[PDB]
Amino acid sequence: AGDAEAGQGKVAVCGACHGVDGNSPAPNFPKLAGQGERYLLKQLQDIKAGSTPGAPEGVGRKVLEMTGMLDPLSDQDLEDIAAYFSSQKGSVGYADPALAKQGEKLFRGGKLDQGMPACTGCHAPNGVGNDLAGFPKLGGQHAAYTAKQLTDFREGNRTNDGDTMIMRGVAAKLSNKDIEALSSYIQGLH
């Protein structure tokens, strides 16, 4: 487990993009505030491994915007950072009903004709996730971020779901329109 207080002092480079508390309005940078600690730690570990120079292709999670950044941090440092951001209060954004009513139907009902489950069983009806179960919080997240993640799982650009194999299979069944709709709904969800 991380020491949130310690983590507060280990995030200087992060602030421009994620905000001092993990709530920056920058639409492509995911909000970190209030995310589950376990999920944050896993992503930090995966991003560090996948985004270091010379990382073997397909390892971890390669985040171009964070290349090399986590490299001087120990595993404990990453736990402390995870704890710090998880301790912050998440925020909620805008759900355009032109997109979000269909997003809601997909989020609650899936696409059963295609075998795709609903999102609520893992990410919760209000999007809070389940940190002890490995399920990230989605509610309130920036739509462009969420959309990129669903697209990347669909396309095989994000493959650090390999411990469960869950999201690649879910996202395989989503169209671009479905992804836009879900992402809008999620942005307003609490």
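All residue numbers are counted from 1 along the displayed sequence.
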Report task. Higher average CA B factor in the deposited record is what I'm after, so tell me if that's 174-182 or 6-14. Result -> 6-14
Requested in this report: Please work out which of 58-66 and 32-40 has the higher mean CA B-factor as recorded in the PDB entry.
Outcome: 58-66
Query raised in the report: Per the entry, which of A100, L73, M116, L106 tops the list for Cα B factor?
Result: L73
Report summary line: Among the modelled residues of its chain, the C-alpha B-factor of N157 falls in the third labelled middle
Query raised in the report: For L78, does the deposited CA B-factor place it in the lowest, middle or highest third of the chain?
Result: middle
Query raised in the report: Lowest, middle or highest third of the chain for the C-alpha temperature factor of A133?
Result: highest
Report summary line: So, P125's CA B-factor, relative to its chain, sits in which third? The highest
Query raised in the report: Which third of the chain does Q149 land in by C-alpha B-factor: lowest, middle or highest?
Result: lowest
